[PDB]
Student: 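Here it is: the structure, laid out below.
The chains referred to below are lettered A, B, ... by the order of the sequence lines, with proteins before strands, and numbering in each begins at 1.
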Amino acid sequence: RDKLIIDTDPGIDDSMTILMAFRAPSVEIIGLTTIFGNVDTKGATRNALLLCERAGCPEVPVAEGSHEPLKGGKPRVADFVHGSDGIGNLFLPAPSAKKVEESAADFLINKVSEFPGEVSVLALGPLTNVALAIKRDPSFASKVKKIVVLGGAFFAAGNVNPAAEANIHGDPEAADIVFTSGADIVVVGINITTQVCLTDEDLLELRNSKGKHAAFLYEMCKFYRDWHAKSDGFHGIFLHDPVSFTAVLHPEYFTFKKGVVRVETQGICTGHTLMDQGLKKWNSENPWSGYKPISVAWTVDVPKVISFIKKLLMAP
Amino acid sequence: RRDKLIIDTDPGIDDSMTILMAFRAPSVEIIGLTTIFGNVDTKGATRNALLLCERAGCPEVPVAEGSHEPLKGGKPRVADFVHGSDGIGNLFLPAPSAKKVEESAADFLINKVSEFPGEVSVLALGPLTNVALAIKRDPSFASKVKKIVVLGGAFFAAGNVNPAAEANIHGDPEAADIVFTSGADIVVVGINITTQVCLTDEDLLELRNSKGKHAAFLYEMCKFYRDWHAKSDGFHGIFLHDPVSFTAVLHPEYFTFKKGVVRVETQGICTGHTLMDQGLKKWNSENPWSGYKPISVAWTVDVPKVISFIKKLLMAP
Ligand SMILES: [Ca+2]
Ligand SMILES: [Ca+2]
Ligand SMILES: [Cl-]
């Protein structure tokens with residue numbers, strides 16, 4: 001039983017991940033921390049609370065995080081990807097369960113300090129709360145067991161624009177703080193997650209399954225699948241956040257390369273993630289020199305990942 | 001009937017190999033060499049271009065000296081640890097007798113392209129300063145140049161100066177961004193392509209033992225170049241950068257290309273980074289890749305065909 005905190009912006013695929021995580025027996029969800037991205041932070045908290053109620057676990061703490069990136073300013077949210085409500089325009093009634101008093105940053109510091117080296121963090125949105133925890137407690141990185149990050153585009157196109165992936169673009173300063181923190185980090189970029197999909201056929205199979213949340217998941221995914229058809233020209237959905245959850249439980253379904261990762265924080269390439277694989281000896285020092293390397297997902301065993309995700313989504 | 005070509009270059013060991021190859025190509029008419037800094041300071045590149053014209057038995061070919069610094073200014077640091085102090089593997093050859101023309105490389109580019117509209121191709125082997133200067137000074141330049149084939153960038157691959165950037169683009173990021181958005185017929189060959197094309201120690205020995213017109217000189221330059229590849233890349237031989245972009249001018253059928261808008265990062269840790277928008281994804285809103293005219297980016301290379309063509313020109317008697 002691995003202790004896990006999910007830092008998230010639910011979010012359609014975040015919602016699928018959270019419901020999958022509640023059904024996983026080898027995982028103990030000790031809390032959900034929320035962030036902006038797919039929806040404003042208040043909307044993410046509302047969804048996280050609704051998901052806890054839906055999974056039959058309203059006692060699981062939900063800690064609201066930052067309303068804006070580290071640099072400040074009202075974030076632009078992906079309402080064209082996840083709907084006005086962040087869950088595909090289902091416009092569900094409000095939760096009865098309430099968030100905890102403490103911020104997501106304080107919740108992360110407290111839980112990780114309570115069980116040092118035992119709590120893993122699965123980061124499914126912009127990395128603001130994680131960076132805030134790193135800055136407020138400089139021992140946070142060393143106490144966290146592992147940080148599995150869904151974010152970045154390594155030697156591949158971004159999904160916000162050609163340079164940047166959404167989570168990194170949401171807070172490039174926070175991502176750069178996290179990637180250079182010295183913590184045990186595993187980054188799963190969209191160069192990996194775009195290889196893992198659910199087709200229209202797979203979604204119909206989910207709708208017709210005996211899955212506990214099959215009907216709700218299918219309904220939510222309609223809006224998400226429609227964005228994929230309009231933007232990527234793909235008839236189905238990419239499984240971004242469910243793949244990073246698979247990397248927590250089954251890292252053996254992937255291969256990783258170690259390297260220093262830096263994030264561009266200004267100019268036309270704001271939010272671009274770049275890894276130094278260390279295969280070339282540089283003549284002089286550069287921005288990738290001297291930092292501790294992190295693990296970057298390089299390859300994925302697509303059938304094994306799909307099988308694992310499908311069995312959790314279709315579990316009665 | 002020969003294709004008019006201007007070579008903008010920083011010789012430079014692989015630049016020197018390309019220029020000698022170009023002088024032996026019968027379908028090509030070299031109408032001039034335009035020099036830039038990079039592998040060596042501009043003055044060193046001019047000295048080498050003049051010596052190469054003399055070596056090829058063509059001292060009448062004009063050499064026009066270009067910019068001594070990038071568009072943003074400052075004395076550039078040069079790759080002397082790659083090409084030697086003289087830019088040609090520390091051969092320290094006597095000075096050329098031939099002299100450079102009076103006009104700058106930028107004015108030479110404008111003049112020749114305006115003299116022969118739609119006929120002159122430009123092969124850019126160094127930082128793009130002179131080409132950007134011609135584009136800025138003459139707004140009709142982009143429409144009158146036949147084609148600009150660029151050796152530069154690293155597309156969805158690591159740079160060679162640092163993880164973000166390839167040397168030619170890093171040498172002048174502002175100039176590269178001006179060129180890539182100029183609207184001219186541009187073909188870019190990045191190191192993602194050229195690092196797939198190599199000459200082994202065995203290939204180099206084969207050149208030394210060949211009946212090649214410049215075999216002895218080429219082998220001598222390549223000794224220093226090979227030592228850098230062994231120290232930095234861990235490779236026993238050399239990558240063929242500039243000769244591959246020359247192969248793209250004469251045999252574009254040895255490659256596949258993808259069309260897309262290319263932008264260059266000019267600031268921060270990713271200064272000199274080249275990024276192309278393939279246009280396979282419909283964006284919700286406008287971004288820095290929106291509205292520009294797409295250019296051709298080399299995507300794949302037929303490595304045996306490119307090697308065979310390069311070897312043929314290097315070993316030609
Ligand atoms: Ca997410
Ligand atoms: Ca060159
Ligand atoms: Cl931003």
Student: Kindly give the heavy-atom pair with the smallest separation between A153(A) and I190(A), and that separation in Å.
Tutor: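 Minimum heavy-atom separation between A153(A) and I190(A): CB-CG1, 3.9 Å.
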Student: Using heavy-atom distances under 4.5 Å, tell me whether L280(B) contacts chain A through its side chain, its backbone, both, or neither.
Tutor: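 Just its backbone gets close to chain A.
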Student: Assess, by modelled atom type and distance only, whether the side chains of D14(A) and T8(A) contain a donor and an acceptor separated by less than 3.5 Å.
Tutor: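 The answer is yes; a qualifying pair exists.
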Student: Where on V264(B) is there a heavy atom nearer than 4.5 Å to chain A: the side chain, the backbone, both, or neither?
Tutor: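 Backbone only.
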Student: Distance-only, no hydrogens or angles: does the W288(A) side chain make a donor-acceptor pair with backbone N or O of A164(B) under 3.5 Å?
Tutor: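 Side chain of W288(A) to backbone of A164(B): no pair is present.
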Student: Is the side chain of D85(A) donor-acceptor paired with the backbone N or O of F91(A) at a distance under 3.5 Å, no angle test?
Tutor: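 Checking the backbone N and O of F91(A) against the side chain of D85(A), a donor-acceptor pair under 3.5 Å is found.
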Student: Backbone N or O of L151(B) within a donor-acceptor pair of the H241(B) side chain at under 3.5 Å?
Tutor: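 Absent.
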Student: Measuring heavy-atom distances to chain A, does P288(B) have an atom under 4.5 Å in its side chain, in its backbone, in both, or in neither?
Tutor: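 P288(B) touches chain A through side-chain heavy atoms alone.
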Student: Under the 3.5 angstrom rule, does the side chain of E265(B) hit a backbone N or O of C269(A) as a donor-acceptor pair?
Tutor: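 Indeed, once roles are kept as given, a pair shorter than 3.5 Å links the two residues.
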Student: So which of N286(A), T265(A), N283(A), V260(A) has the largest heavy-atom pair count under 4.5 angstrom toward chain B?
Tutor: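 Most pairs with chain B among the choices: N283(A).
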Student: For each of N162(B), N192(B), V161(B), tally heavy-atom pairs with chain A at distances under 4.5 Å, and name the one with the top tally.
Tutor: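 Looking at each of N162(B), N192(B), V161(B) in turn, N162(B) comes out on top.
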Student: If you count heavy-atom pairs under 4.5 Å between each of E286(B), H273(B), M276(B), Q267(B) and chain A, which one has the most?
Tutor: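 Option with the greatest count: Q267(B).
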Student: Less than 4.5 Å to any heavy atom of chain B: does that hold for the side chain of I268(A), its backbone, both, or neither?
Tutor: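 Contact with chain B is through both the backbone and side chain of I268(A).
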Student: So which part of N160(B) gets closer than 4.5 Å to some heavy atom of chain A, the side chain, the backbone, both or neither?
Tutor: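 Both parts, backbone and side chain.
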